[PDB]
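Taking it in order: structure first as structure tokens, then the write-up.
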Amino acid sequence: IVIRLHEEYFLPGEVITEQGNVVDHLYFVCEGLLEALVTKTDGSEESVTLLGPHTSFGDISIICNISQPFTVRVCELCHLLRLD
Amino acid sequence: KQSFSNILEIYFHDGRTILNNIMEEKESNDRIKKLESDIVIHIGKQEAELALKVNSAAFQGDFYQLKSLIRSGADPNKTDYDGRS
């Protein structure tokens, strides 16, 4: 797993993944908080999950089927890892 | 136009008011864009043709295409005009 990791940094307020993009990478989360939300038909939707350190992100999409739901826009600085 | 359609599909109810807006405006300010013909029949025909297309899709059983069509602003309760669900 470690032999194929590439880093990436986002300032608080960046869209990482949403419904439009299919799975392309295994975004792992380092120190920092990224907001996970989804969409609705009323002001969309807010407060799905607040991902923290030592967790995963965008795993079920590669696990079973393409497309990455749970539109995520980051909320804090974090040194996310990325695996193909 | 592409992003307008791609955002009407998500805010379908909002574009629903949007066509309401344009038609009520044609009622009031007829000199703006009423100089043509009726449009409500055209939107009804769009809905009816999408219904016939989803009928054909159910005949072909395309799960992805049927899901995309239904979520693209289609009412699932609308069956064949005769009534074939």
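Residue numbering restarts at 1 for every chain of the structure tokens, chains are lettered A, B, ... in their displayed order, and ligands are numbered from 1 as they appear.
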Would you mind listing what lies within 6 Å of residue A:78 as a PyMOL selection string, with only C-alpha atoms counted and same-chain residues fewer than 5 positions away left out?
chain A and resi 30-32
Same residues, N, CA, C and O atoms, output as a PDB file, in the first residue's frame:
ATOM      1  N   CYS A  30      -5.140  12.601   6.246  1.00  0.00           N
ATOM      2  CA  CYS A  30      -4.174  12.865   7.298  1.00  0.00           C
ATOM      3  C   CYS A  30      -4.740  13.938   8.230  1.00  0.00           C
ATOM      4  O   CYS A  30      -5.928  14.265   8.174  1.00  0.00           O
ATOM      5  N   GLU A  31      -3.896  14.485   9.108  1.00  0.00           N
ATOM      6  CA  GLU A  31      -4.322  15.479  10.091  1.00  0.00           C
ATOM      7  C   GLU A  31      -5.104  16.621   9.453  1.00  0.00           C
ATOM      8  O   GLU A  31      -4.556  17.387   8.654  1.00  0.00           O
ATOM      9  N   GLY A  32      -6.369  16.751   9.811  1.00  0.00           N
ATOM     10  CA  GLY A  32      -7.240  17.777   9.270  1.00  0.00           C
ATOM     11  C   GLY A  32      -8.667  17.274   9.170  1.00  0.00           C
ATOM     12  O   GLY A  32      -8.947  16.078   9.252  1.00  0.00           O
TER      13      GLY A  32
END
Please build the interface table for chain A against chain B with a cut-off of 12 Å, listing for each qualifying residue the nearest atom pair and the distance in Å to one decimal; count only C-alpha atoms, order rows by chain and increasing number, and write it as JSON lines.
{"residue": "A:19", "atom": "CA", "partner": "B:10", "partner_atom": "CA", "distance": 11.9}
{"residue": "A:20", "atom": "CA", "partner": "B:6", "partner_atom": "CA", "distance": 11.2}
{"residue": "A:39", "atom": "CA", "partner": "B:10", "partner_atom": "CA", "distance": 9.4}
{"residue": "A:40", "atom": "CA", "partner": "B:10", "partner_atom": "CA", "distance": 8.9}
{"residue": "A:41", "atom": "CA", "partner": "B:11", "partner_atom": "CA", "distance": 6.8}
{"residue": "A:42", "atom": "CA", "partner": "B:11", "partner_atom": "CA", "distance": 9.1}
{"residue": "A:43", "atom": "CA", "partner": "B:11", "partner_atom": "CA", "distance": 10.0}
{"residue": "A:44", "atom": "CA", "partner": "B:11", "partner_atom": "CA", "distance": 9.8}
Separation of atom CA of residue A:26 from atom CA of residue A:63 in Å:
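Atom CA of residue A:63 sits 10.3 Å away from atom CA of residue A:26.
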Could you tell me which of A:11, A:62, A:16, A:36 comes closest to residue A:84 if we count only C-alpha atoms?
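Looking only at the distances to residue A:84, the closest residue turns out to be A:62.
When DSSP reads the backbone of this structure, the residues of chain A it assigns to helix (DSSP H, G or I) are residues 2, 3, 4, 60, 61, 62 and 63 of chain A.
Distance-wise, atom CA of residue B:36 and atom CA of residue B:81 end up 28.9 Å apart.
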